[PDB]
Every structure is written in C-alpha cells, then in structure tokens.
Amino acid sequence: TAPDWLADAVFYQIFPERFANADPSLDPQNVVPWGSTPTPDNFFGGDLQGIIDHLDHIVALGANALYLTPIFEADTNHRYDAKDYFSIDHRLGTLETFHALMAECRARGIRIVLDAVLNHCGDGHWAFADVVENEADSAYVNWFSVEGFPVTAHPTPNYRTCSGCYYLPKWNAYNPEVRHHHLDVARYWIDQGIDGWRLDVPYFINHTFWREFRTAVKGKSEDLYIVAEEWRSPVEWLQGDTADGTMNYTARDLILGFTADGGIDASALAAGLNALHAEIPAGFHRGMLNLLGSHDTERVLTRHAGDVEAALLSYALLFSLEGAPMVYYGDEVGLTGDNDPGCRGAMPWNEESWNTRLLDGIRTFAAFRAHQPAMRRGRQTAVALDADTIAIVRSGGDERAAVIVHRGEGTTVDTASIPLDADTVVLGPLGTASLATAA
C-alpha cells in the first residue's frame, strides 16, 4: 500500500527556473527579464533560494508537499537533459542551498518530491560525451544504445533517444552498471533528505527495472513516496511492486470535460470517477496525485477560457477527491498560457498581479479539506443530482462530508437525496457548497 502521510498531502508543483529568482549572481549571461514570454530555450534565473523565500506563500495556500521538476545539472531550461545526476544545477544553487531548502521545508511541515529522469540524460552528460569522444574505447559505450561511430545527431540521431530528440540519449537500462547508477541516484538524494520520487516517462523503461527501484527506495524507508507519470490507465503501476500512485491525468480529463469543455455531463463524470475508483486497487487511492494541470499541459484558466468561476469548479472537484491534490505553480493566482512553453510563465510576486479571489477560493477548498478528516481519509463516492450538478461524498468513521459542484445558472439540492442530513441547499450560478456532519 501507499504511505499514510499521503492522505494528508497537498502538493505544489514547481518548475524551478520560473518560480523565483532570489539570487541574480547565479543567473546566466543570457538571462531574460522576469516578464518575458517563456520559450523552449530561454532562462529567467529562477533558483532554489527563490523557493525558500516564498515558502510562506506555499504554506498559506494550504500546500505541504512540493513536486519539483528536474533540478540536477543540465543544459536546458526544463533540465530533462541531466548531465550529472549528483549535483544541483549550478544556476539553481549549490548543495548547501539545497540543504537549506530541505531544512526550511521540514521546519514548516513541507515534504519534497524530486523528478527521476531515468530513461534518458542529456547529450552533455559526462558518460555520453565520453562515448562521443572515445567511441568503442569508452568504458560507458554500453551505458547507451549507439548504433555506430561516429556519433551523429545529424541527420537523425544514430543512437536511441527519448522520442527522437537528439540531445536526450536513451539510457541503456539493460546494463547492470546503468541500473547501479540509477539506484545510486535514488539513494543519494534520499540520503540528502527527500521524501519521494516522481518517475518521468516510466513507460519507456520496463517493470522489471521499476521493481528494483521500489526495493531500493522502500529499503531505505517504507514511507518514501514513488509516483508514476502516466497519462492513460494507472492500473499497471498499482500492483504493489512499482509505484505508490500515478499522476491522475484520468481525473484531470474527466473534471475538465465537465467544468471547461461541456463535453461530459455530471452523470458521465460520476461514472468516470466511480469507475476509476473501482479500477484503482485498495491501498493505492490515497497515493494518486490528482491535478488539473502541469508543465505538460496548458494552464487551467486558459483551458477554461478566462472564466475564473468555472475554473473554481475544477478546483472544488480537485480538492474533493481521494488522492493528494496538486496545484501547479501560478494557477492559484490565475496565470494563463497554452501548453509548453506557454504554461512555464514566470510567477509574479506583485500581489496586484494576482487574481486574489481565485487564490482565496482555492485556499477555502484546501482549508475545508485540511480541517475535515473524512476529506483526507474518507471513502469517495461520486453522484450526479442532475446534468449540471455533482456531489462528491467522502465517508469517515465518525463524520461525513460532501462537496457539491454546479456548473449551471443555479439550483437547489435536497441532501436527503444523497446517501445524516435532510437539509435543502441552494447553489448559485457556478456555485459550490461544502458540508460536513457528525456520524
């Protein structure tokens, strides 16, 4: 089963090169102004000290865990092209600054999850450059799958890669020495104090390796959290031998279908959510990392086409579900943008730039979850009341809660219709209601 702390977790995902530039002396020569349009090649100077300095913002939102995208020495702004998995990227800070982040995080009750990019590294990585250089004489030739020498990125890479990208050579995970390096990466950062690992494109490697991964990570501690990136069904990762959960892109698509697209009505959503619930095995519901967006999607508000009230319906649903809810940095203040690089805009720190009522609306849903124990540990039941209105009921030992979410122009619901209370509740246009009762 998944670790129990997860029931209480609320995650804040950070793309560190865009959250806060606290240290200009770390910035590269070609650093762009903080207000610039994000691109696949530009750098803003976001750093680890920037995260430390805004921990208060992250706490005040209701978050108690961070998911960090890659932070190790790389040549891109997203850092999926790691070149040394054993140091912090020199533009993010040093190992000391990283330690200071861990400590400041744990003084405030905040757990840390890093991004484990094990299918591939960057072409700048020492082992890969050694192969380029020394070819068949490199000791790390078999750390990759290079077709022949000389190595060429032109016209198509003559080595295996992540989805054809020339600067992301694929790690040969069939090599024991590569697995040992991958496991020493897992343990090393756990030795530095992290609380879990998020797995990047885990489906490009293989279950056998991910089994060794769980054994190495859980061997250090049973409460370290492993979460699979997965866009389709999560079930393969929830058999008890690989991950503790999945990024719940299934719930994302269902929720947004309802609140933003209008393609699915409340009945299809409830059915979608009850089935995903049936699909996910016992012990693993708690481990699902639910989200409405990420660094791999367009921003939630953009998906809702600037309709902040509808967007609040999404968050209501998000915070209502079993699984740890995750907010993507800047969505809480109403940032907009298309898919990558559009969703990787720099986070503004002028409170006059924030959509404050969006922030307070999300804070409210988070606060009700944190205060009501059934919202964290209770059972999840989804029920349609009409085409535009859904109730997410959560059933605790000694208490029960419901979040009722209406996307129409207003209605009333008889709670006697939802299997403790016989109240009538009214919902305004784009309205929600959040109710609890002693059992």
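Sequential numbering from 1, following the sequence displayed.
Going from residue 419 to residue 420, the model skips 4 to 9 deposited residues, which lack coordinates. In this crystal structure, the stretch out of 128 to 136 and 293 to 301 whose C-alpha atoms carry the higher mean B factor is 128 to 136. Mean CA B-factor, 208 to 216 versus 193 to 201: the higher value falls on 208 to 216. Across the residues 367, 151, 92, 113, the deposited record lists the maximum Cα B factor for 151. Taking the PDB entry at face value, the top CA B factor among 40, 50, 397, 45 belongs to 397.
Per the PDB record, residue ranking by Cα B-factor puts residue 241 in the middle third of the chain. Among all modelled residues in this chain, the alpha-carbon of residue 234 has a temperature factor (C-alpha) in the middle third. Ranked by Cα temperature factor within the chain, residue 156 sits in the highest third according to the deposited record. In this PDB entry, the Cα temperature factor of residue 430 sits in the middle third of its chain's modelled residues.
For residue 28, the recorded CA B-factor ranks within the highest third of the chain. Only modelled residues enter the ranking.
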